[PDB]
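Input: a single structure, listed below in structure tokens.
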Amino acid sequence: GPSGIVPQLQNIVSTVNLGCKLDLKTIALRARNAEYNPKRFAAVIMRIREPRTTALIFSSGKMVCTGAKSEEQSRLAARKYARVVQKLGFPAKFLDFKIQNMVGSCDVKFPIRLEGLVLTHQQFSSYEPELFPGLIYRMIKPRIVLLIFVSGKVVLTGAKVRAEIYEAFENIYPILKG
DNA sequence: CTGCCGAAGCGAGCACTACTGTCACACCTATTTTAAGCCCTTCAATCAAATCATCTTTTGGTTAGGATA
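Below is the structure:
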């Protein structure tokens, strides 16, 4: 059963279609929050604290936002940037909101001997202590990629909802225990 | 007044990896979030090697406990 520690989400990734053409130079000229460094990259990157997130905008009318701790928080930040662009003088719309990725982490509070895991799980676990200190495991159900360390803490990514993170956590937990 | 054919020296066949005309798709980086491990600096707290001050062990000379020659 559960060890009493829940996987806390660390990140959320989401995108929405603004539905109109925008001028990045105009945004950099008007908005009190903007980049335009075309010498490096022709784009504008936002960020707000409530929710704590970073978003990025193009002239093509797409938005990519990331940084929240919950999917609904990410959507709130997305709608905040949509409001900002609407009051920037652009006819922005909050259309086709899609959630792309999230990151979570947890712990088991006992040491992990990676050698046994690689010896019994090499077919899906990649161990290489020379470059990346931890161990890499790719999980199929659901499409999750997992990082495991000796300290017992685990990083989970590749899901679309917190339920997937929890379910993968409890799938791996017996393996971590033994 | 023009023309044939020999003598000797040449030759062959057998021994139970350099550029150029394109072209699309790679190369390239705009950022988010971890979990333990990273390189270099850079100063600060602690340390230990070397040097200075002084007590003491002994090597040449004076003193009065001590003695021969």
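Reading the first sequence from the start, the letters are residues 157 to 334 in the authors' numbering. In this text, a Cβ means the ideal position worked out from N, Cα and C, and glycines have one as well.
Alpha carbon to alpha carbon, how far is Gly-314 from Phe-280? Give it in angstroms, no decimals.
As a first step, residue 280 must be located in the first sequence, where it is residue number 124. As a first step, residue 314 must be located in the first sequence, where it is residue number 158. Using only the alpha carbons, I get a separation of about 16 angstroms.
For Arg-239, does the three-state DSSP call read helix, strand or coil?
Translated into positions along the first sequence, residue 239 becomes position 83. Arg-239: helix per DSSP, three-state reduction.
Excluding sequence positions up to five away, which residues of its chain have a Cβ less than 8 angstroms from the Cβ of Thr-210?
Working through the first sequence from its first residue, we reach residue 210 at position 54. Around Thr-210: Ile-201, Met-202, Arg-203, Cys-221, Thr-222 and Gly-223.
Quick check: the region 164 to 180 against the region 236 to 249, are there 3 or more CB pairs under 8 angstroms?
With a cut-off of 8 angstroms, the region 236 to 249 and the region 164 to 180 count as touching, because enough Cβ pairs lie within range.
Sort out for me which residues DSSP pairs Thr-313 with in a bridge.
Position 157 of the first sequence holds residue 313. Its beta-bridge partners are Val-259 and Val-301.
Using DSSP bridges, identify the partner residues of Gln-279.
In the first sequence, counting from the first residue as 1, residue 279 sits at position 123. Answer is none; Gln-279 lacks a bridge partner.
With a Cβ-Cβ cutoff of 8 angstroms, do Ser-261 and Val-301 count as a contact?
The residue labelled residue 261 in the question sits at position 105 within the first sequence. The residue labelled residue 301 in the question sits at position 145 within the first sequence. Inclusion of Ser-261 and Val-301 in the CB contact set at 8 angstroms is not warranted, their separation being larger than that value.
With a CB to CB cut of under 7 angstroms and the five nearest residues on each side skipped, what residues in its chain are close to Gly-290?
The sequence position of residue 290 within the first sequence is 134, counting from 1. Excluding residues within five positions, the ones whose Cβ falls inside 7 angstroms are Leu-303, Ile-304 and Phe-305.
Below 8 angstroms, can you find three or more Cβ-Cβ pairs linking the region 163 to 172 to the region 248 to 261?
Yes, the region 163 to 172 touches the region 248 to 261.
Using the DSSP secondary-structure output, state which residues sit across from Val-200 in a beta bridge.
Looking up residue 200 in the first sequence gives position 44. Answer is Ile-213, bridged to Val-200.
Taking the C-alpha atoms as reference points, what is the distance between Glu-320 and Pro-298?
As a working mapping, residue 320 is identified with position 164 in the first sequence. As a working mapping, residue 298 is identified with position 142 in the first sequence. Their backbone Cα atoms lie some 7 angstroms apart in a straight line.
With DSSP collapsed to three states, give me the class of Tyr-192.
Locating residue 192 in the first sequence gives position 36, counting from the first residue. The answer is coil: DSSP assigns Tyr-192 none of H, G, I, E or B.
Rounded straight-line distance, which links the Cα of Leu-287 to that of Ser-216:
The residue labelled residue 216 in the question sits at position 60 within the first sequence. The residue labelled residue 287 in the question sits at position 131 within the first sequence. Computed Cα separation, rounded: 39 angstroms.
Per DSSP, what kind of secondary structure is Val-274 in: helix, strand or coil?
The count along the first sequence starts at 1 and reaches residue 274 at position 118. It is helical.
To the nearest angstrom, report how far apart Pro-158 and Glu-326 are at their CA atoms.
For the purposes of this step, residue 158 is taken as the residue at position 2 of the first sequence. For the purposes of this step, residue 326 is taken as the residue at position 170 of the first sequence. Computed Cα separation, rounded: 7 angstroms.
Among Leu-212, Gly-334 and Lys-195, nearest to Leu-270 - alpha-carbon criterion
As a position in the first sequence, residue 270 is number 114, starting the count at 1. Of the listed residues, the one whose Cα sits closest to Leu-270 is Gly-334.
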